[PDB]
Every structure is written in structure tokens, then in C-alpha cells.
């Protein structure tokens, strides 16, 4: 079988009849308004058992850790629970492993009980108003209690180093949201830092004017958090989030990023003052307040917004407009594995009312939605390529800001993808008339070019060039694989620990209030945070460059001998070439960056 | 017993646990919008037998 454009398909009637049957299977719902969503999980897009089994082991360790925290609290009911969970681990290792039941209900019910933050989360099919006081809950005794929630799951290393200024700066170039900073040459009028703040961070020898002139000033601005969020509460306790402006700078002659000053509010006042590198406790909080904002910004703008919810229209359009005999359907569809079934998980649980995001994060569940919608609307899809957004922010000079792993590691995977896409498009599209006369590709684009208020992708289109088609598939494949990896997997490593970063500050503000233990979430929310972020960030299913099917066969997915025996190996070769560069770079690093290592990138978005 | 402000209280941690338990009994509800209501009627604040009797005398007259 060789894919072909519709205008060349020897049997257009057979083809176009498959699309008619396909548009039935993939209909539209309103699971999230303004956004174009799928009605339920269509049958062939059911998660494969391999995805379930790989998940199931994670959704088992996280419930075991929960049981261990229920033995500690109150130092045979929480014992029979422990043995039931390990028997499911016994099932997972053998039952669905026969391949040619337990995968059916349990694995998906467990993922939902954790994403939905439901209590009684201990054993499934064991069915036989405050939080249960037989587990960790309420205010803590000392900061030990957070690190000790990690019992059957390993405490991530960031828990032992998050206070260092060097690691607070690592979060902006190697953290979850690693595309936030932007170079400036004059300070914003509402954030006028002084030469004193600067020298207290860059030494007396350097100057604030000397950095903005040499392009050595980089600013991050969570201004969007203010224009959207509404500070909810939790059982009376006021959770809070600011819209901070945080300045960074590099040494003269290049080097790593390092923090300068932090203003928690957008507008200066007797309540909103700049905090600097030498302000002791009011400086540790000014960073902890910054991390609360990124926790919201990452999870709803960087994460769910611009990977999970941005690709959801693109998946739906592809099933309804491109035939199964279309070659672009062949380029993209395997990059959409589990994307339809994981978005239904987030929309109806993780971000649904009463979910993990409503509880652990500061804003109301509805203002958090409006946060993601605000960013989904202001995006320019055609001007959002990875090298495109590097020169927008001014982070392009690898001799001034020289420690930016997401930039240098991502840009290598981007070039590997665009080349493989370019090698792919030009094989199937040979003339420019092949694009414009493609009635499916132009129909596809017509629904993807609808206004944002009608389910479309903002800034998308027009797709009239082989260049425009290459980029569109390049951006889709990049955000389904590399970009999604850079935002999904730091959850387990850098965000499961609450004092390192969480969705809410539980005291008022950076002006230090008392013992550090007060700024931190309650133990029921601190454990849940460590338990649902561990789940979404610990599953590495499918691999970029390797195209299989969602069936137990897991057989070769392409069929054209041109791609399989020639074009795809060039991509796999190129990825393995970049693999040896990033591993080489990372050994010389102290803050490791492993989210662009192509032996770990997924093809798709599926946790 | 003699009432005390919290900063002067000689048994302050026991004082905090009572407020943690008091906040269980007196939760908030949205029985009326832009207002702060109580979830049902907490058991300590149920009507007294004297309030019930004095009303029932009138409730019978209306009946």
C-alpha cells in the first residue's frame, strides 16, 4: 500500500466513503467550551494494554505509598489494602501480559481516582464531611512531614536543593516551563530594579547598565496570571497566587542564568516592593511566590493549554478530513496515540470541578480554565516554531546565555523532525499544485483555520505551500513529542515535592510571616500533589522515530517501502545522532536535562 | 475559667486544635449567592427545647 493524495486516488468513491464513515466515529462534544472536543473516547482510540500495563504499575506504586502514609498516621484494614494492591501488580505482570479484564476497569479507574482526587483511594473492587483522619492531613508539625510523604516513591533530588539560588534559576532554562524568559534592554517601568539589587547578585564589579547593553539581562513575567485567576479557598484556608516579575542575568562574557530581583505584584505599592538577593527570608519567599505562579502557568499554559488542548482540534480534524489513504494522515495519526483518551481524562477529572487542580492550585477551577483559554487564544500557530520563538524572546546567543538546555537540546530535535517531515512531504507532494488541489488537506485546513471562537486553532493557516505543510506537521509532531516531553515529565522529577513548587502559597505573601512550614499546603493536598504528578510524569509510552500500531501486534505502521526501507531510517539515524550529542552534553551538566533525549521522547501525548 | 487572648494563652496548642475541630463543625455553604452560609444546621446550634416549646405554643394557635 502506497498513500496518495485524493485527486490521484484511483478509487475516490471508496476513499471518500471511508471519510463519511469516519466523521461518524469522530463527532464533536462540548466537554470544554470554546474548544473543539471529541465526544467520549472512540473505540479504536482505546488505550493499548501496553499503555495500561505501563501505567498500572505506576498507579499501583502511588497507591502503595498512600497506604504506607496510612500506617504512619496512627503509628489489618490498611494491611489487607496493601496486599490487594500488590496482587494487582501480580495481575499486571502476568494477566494482560499473556497478550495472545484487569487492564479494563482497574487501571483506568485508578488513574481517575488519583486525577479526580477521590478519597477512599486505597483498593478497587473492595467496595465491601472532612478528610479522613487515618491518613496525613491538616497542618504539619515540621517540614519533615512533606519529605516523609514520599514512602514507597523516591523523594526527587530537587527536594534537597530547591533553596539554592542556582536551582531557582535552573527552573527557567531547564525546568517544567522552560520557555518563559525573554531578553530585555530596558527594564519595565513597573519593575525598576536598582544597581544595589544587581551588585548583591552579580558582584560589585558588574553593573546593571553593563548587562542590558551586552544583552545579559533576561526577564520573566507571569503577568497573565493576574489578568485571569481568581483566588479560591480550601475549607476556609485562603490560597493565593501573584503575578510576579523576576529578573535574571548572566556573568560578563557568558555563563549560566542567575536571579537578580523579584517583585511579587505587577504594580508597585507600599505592599508590593522589589525583593533582592540579600533579603534573607523575604527573598526565599519571593522565589517561593514565583514558583507558585509557574506551577499554575506551567500546568495550564505551558502544559495542558499548549500541548494537550492545542492538539485536540488537530487530531479531530485529521480523522474527519484526511482519508486513511492520505499520506499526511500517515505522517500524523501515529503521533496522536492516546491523545484522544488522555484529554477525556483531563477534561472530565483532572481539571473538572472537585479535581486535583481545583484543590491543590490557587485559582478557582473556572479561572484556571480561563487561564488556559487566554493562552490558547493569543497563540500564533504559524509563528510558534521552536527556532521562531527563540529569536522572539532573544535567547538565541549561545555565547552569552550558554546554559539553556531546553533551547540547545530542543533545537536539535526540532531540526531532526523538520528534516524528516521535509523528506516526507516532498516525496508525496512533488508539485505545488499537489497542495492546492488537495481537497482533503484544504478541507482539513478550513476547519483548523476557523476563528478561535468556533473551535479553531489561533494563527493557523493558510497552508498553501509545501513550506506551510512542512511547518504545520513539524510543529504538530514537535509538540506531540519533544515539546510535550519538556512539560510533562518534569512533573515527576521537579514538581512532586510541595515546598519545591506547588499550585498555592498558603500564607499571604513574600513578606515572611513565620516558620516556613506555614507557606506550604496541607498534608492531604501535599500528598495528592506528589501522587498525581508522579503518575502523569512517570509513564514513558511509545518512542519518537518508531511507528507502530495501537494493537497487540504493535507491527510496523508504515507500508510504503520508500518510507520504511529508506526515509524513516534516515530519521531514526538522525535522532540517534542527536542522542549522542545530548548525552555527551548532559554528563558535563550538574542540573541534568533528559527530556530531549530521543530514547525517551514519546510519539504522542498520552499521560 | 477565665477567658484569654491567644498570645497570652498558657495552653496555646490545645487552643489551636479546638479551632481546627470548630472549623469542621462550622463549614461554609452557598445557600445564597454572594453570601456565606452554614452547611445545614450544626448540632450545637440546633434549637433549644425552650425555643421549640415557646414556638410550638404559637404554631398551634396558627394551626
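Each reported figure results from applying straightforward, stated rules to the coordinates on display, with no laboratory input. Using ideal geometry, Cβ is built from the backbone for each residue, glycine included, and neighbour counts are taken over all protein chains shown.
Looking at B:56, B:40, can you tell me which residue is within 14 Å of chain A (Cβ to nearest Cβ) and over 30 Å from residue A:141 (Cβ atoms)? So that I can check it myself, show each step before the final result.
Details: B:56 fails: within 14 Å of chain A (Cβ to nearest Cβ).
That would be B:40, the only listed residue that is within 14 Å of chain A (Cβ to nearest Cβ) and over 30 Å from residue A:141 (Cβ atoms).
Could you tell me which residue of the range B:7-21 is nearest to residue A:522 (Cα to Cα), considering only residues that are exposed (fewer than 11 other Cβ atoms within 10 Å of the Cβ) and away from chain A (no Cβ under 14 Å)?
Among them, the one singled out is B:14.
Looking at (1) out of contact with any helix residue (DSSP H, G or I) (no Cβ under 6 Å at 6 or more places or on another chain); (2) within 29 Å of residue A:589 (Cα to Cα); (3) in a loop (DSSP other than H, G, I, E, B), which is the only condition residue A:169 fails?
Among (1) out of contact with any helix residue (DSSP H, G or I) (no Cβ under 6 Å at 6 or more places or on another chain); (2) within 29 Å of residue A:589 (Cα to Cα); (3) in a loop (DSSP other than H, G, I, E, B), residue A:169 violates only (3).
Residue A:171 is checked against (1) surrounded by fewer than 16 Cβ atoms within 10 Å (Cβ to Cβ); (2) more than 14 Å from chain B (Cβ to nearest Cβ) and fails just one. What number does that condition carry?
That leaves (1) as the condition not met.
Out of curiosity, is residue A:244 buried (at least 20 other Cβ atoms within 10 Å of the Cβ) and more than 27 Å from residue A:482 (Cβ to Cβ)? Please lay out each step first, then the result.
Values: buried (at least 20 other Cβ atoms within 10 Å of the Cβ): yes; more than 27 Å from residue A:482 (Cβ to Cβ): yes.
In short, yes.
Quickly run through the range B:27-37 and pick out the residues that are within 11 Å of chain A (Cβ to nearest Cβ), in a loop (DSSP other than H, G, I, E, B) and more than 11 Å from the chain's Cα centre (by Cα).
Passing the criteria: only B:36.
Could you pull out every one of the helices (runs of 4 or more DSSP H) wholly within the range A:438-537 that has 3 or more residues that are within 22 Å of residue A:356 (Cα to Cα)?
On the way: elements: A:439-448, A:466-480, A:482-488, A:523-536.
It comes to A:482-488, A:523-536.
Conditions tested, residue by residue: (1) in contact with a strand residue (DSSP E or B) (Cβ under 7 Å, 6 or more places away or on another chain); (2) farther than 30 Å from residue A:450 by Cβ; (3) exposed (fewer than 12 other Cβ atoms within 10 Å of the Cβ).
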site: A:36; (1), (2), (3): yes, no, no
site: A:39; (1), (2), (3): yes, no, no
site: A:48; (1), (2), (3): no, yes, no
site: A:60; (1), (2), (3): no, yes, no
site: A:76; (1), (2), (3): no, yes, yes
site: A:92; (1), (2), (3): no, yes, no
site: A:95; (1), (2), (3): no, yes, no
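Being exposed (fewer than 15 other Cβ atoms within 10 Å of the Cβ), away from chain B (no Cβ under 14 Å), more than 30 Å from the chain's Cα centre (by Cα) and over 27 Å from residue A:252 (Cα atoms) narrows it down to one of A:192, A:128, so name that one. If you could, list the steps in order and put the result at the bottom.
On the way: A:192 fails: over 27 Å from residue A:252 (Cα atoms).
Just one listed residue meets the conditions, A:128.
What do you reckon, is residue A:571 in a helix (DSSP H, G or I), under 25 Å from the mean Cα position of the chain (by Cα) and more than 30 Å from residue A:130 (Cβ to Cβ)? I'd like the intermediate steps shown before the answer.
Numbers: in a helix (DSSP H, G or I): yes; under 25 Å from the mean Cα position of the chain (by Cα): yes; more than 30 Å from residue A:130 (Cβ to Cβ): yes.
Here the answer is yes, as residue A:571 does meet what is asked.
Quick check, is residue B:24 surrounded by 11 or more Cβ atoms within 10 Å (Cβ to Cβ), within 11 Å of chain A (Cβ to nearest Cβ) and touching a strand residue (DSSP E or B) at 6+ places or on another chain (Cβ under 9 Å)?
On the way: surrounded by 11 or more Cβ atoms within 10 Å (Cβ to Cβ): yes; within 11 Å of chain A (Cβ to nearest Cβ): yes; touching a strand residue (DSSP E or B) at 6+ places or on another chain (Cβ under 9 Å): no.
The answer is no for residue B:24.
Please go through (1) touching a helix residue (DSSP H, G or I) at 6+ places or on another chain (Cβ under 9 Å); (2) surrounded by fewer than 23 Cβ atoms within 10 Å (Cβ to Cβ) for residue A:496 and return the number of the only condition it doesn't satisfy.
(2)
Does residue A:176 meet the test of being within 23 Å of residue A:591 (Cα to Cα), more than 14 Å from every other protein chain (Cβ to nearest Cβ) and crowded, with 16+ Cβ neighbours inside 10 Å? Spell out the reasoning first.
Numbers: within 23 Å of residue A:591 (Cα to Cα): yes; more than 14 Å from every other protein chain (Cβ to nearest Cβ): yes; crowded, with 16+ Cβ neighbours inside 10 Å: yes.
Judged against the criteria, residue A:176 is a match.
Whether any residue in the range A:328-338 is closer than 18 Å to residue A:15 by Cβ, in a loop (DSSP other than H, G, I, E, B) and out of contact with any strand residue (DSSP E or B) (no Cβ under 8 Å at 6 or more places or on another chain) is what I want to check. Please lay out each step first, then the result.
Step one: of the range A:328-338, the residues closer than 18 Å to residue A:15 by Cβ are A:328-333.
Among the residues that remain, those that are also in a loop (DSSP other than H, G, I, E, B) are: none.
No - not one qualifying residue is present in the range A:328-338.
Among the strands (runs of 3 or more DSSP E) contained in the range A:209-311, which hold 1 or more residues that are touching a strand residue (DSSP E or B) at 6+ places or on another chain (Cβ under 6 Å) and within 14 Å of another protein chain (Cβ to nearest Cβ)?
On the way: elements: A:217-221, A:245-249, A:258-263.
Fully inside the range A:209-311 and qualifying: nothing.
Could you list, in sequence order, all residues of the range A:401-417 that are crowded, with 20+ Cβ neighbours inside 10 Å and not in a helix (DSSP H, G or I)?
A:401, A:403, A:404
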